[PDB]
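Chains as they are written, first to last, in the deposited numbering: chain A, 1 to 76; chain B, 1 to 76.
Quick notes on the structure that follows.
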Ligand SMILES: O=C([O-])/C(F)=C\c1ccc(O)cc1
Ligand SMILES: O=C([O-])/C(F)=C\c1ccc(O)cc1
């Protein structure tokens, strides 16, 4: 599986990115019956002013199918 | 944060989807210091014949930047 994480900017060093990836990996292995070798993970830091584009392209159109819906709304 | 999970087709029921979302949520809360309300999660099933397009758009061009690189390769 390929996991993409989008978030607002924060200071995250390589040890912190690796620890995040490890914990995501364990969850994916246990829930999707995956193998470590099949898992890839991207982390993309998006400035808050550009979050509306993520809402419009990714979040809102998929509201009917999201496995976890946001606790906020940004329809413009 | 917005998390997108792309994987091959699988039978997943409502309880399974919600448990996967909750384990992902807690990992994001731990590593990104996020609030529950800011987290959204998508699960997109991709047919195996369409995985090369995911590799070409999301994995290969971002290879060095990935926080977890794939153990497999589509360019051997
Ligand atoms: O959590 C994040 O870093 C983010 F990308 C977006 C977000 C969305 C809604 C909020 O209330 C807070 C942050
Ligand atoms: O894990 C998945 O469900 C997937 F979308 C692709 C994949 C990639 C490499 C593998 O070895 C197995 C599956």
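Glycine included, every Cβ here is placed at the ideal spot set by N, Cα and C.
Between ligand 1 and the CB of residue 6 of chain B, the shortest heavy atom gap is not smaller than 7 Å. DSSP, reduced to helix, strand and coil, places residue 13 of chain A outside both helices and strands of the structure shown, so it counts as coil.
When secondary structure is reduced to three states using DSSP, residue 54 of chain B falls in the helix class. Residue pairing of residue 23 of chain A in beta bridges, as defined by DSSP: absent, with no partner found. For residue 16 of chain A, the nearest beta carbon of chain B is closer than 8 Å to its own beta carbon. When Cβ pairs closer than 8 Å are counted between the two stretches, the stretch 62-74 of chain A is seen not to touch the stretch 5-24 of chain A, the count staying below three. Taking 7 Å as the cut-off, one finds no heavy atom of ligand 1 near enough to the beta carbon of residue 50 of chain A. By the Cβ neighbour-count rule, residue 18 of chain A is exposed, with fewer than 16 other Cβ atoms within 10 Å of its own. Chain order gives no chain A residues near residue 61 of chain B, where near means a beta carbon separation below 7 Å; the closest approach is about 10 Å. By the neighbour-count criterion, in which a residue is buried when 16 or more other Cβ atoms sit within 10 angstroms of its Cβ, residue 40 of chain A is buried.
Boundaries of the beta strand (DSSP E) around residue 41 of chain A: 40-45. In the structure shown, residue 67 of chain B falls within a coil segment according to DSSP collapsed to helix, strand and coil. Contact annotation, residue 76 of chain A with residue 52 of chain A: C-beta distance approximately 6 Å; criterion of less than 8 Å satisfied.
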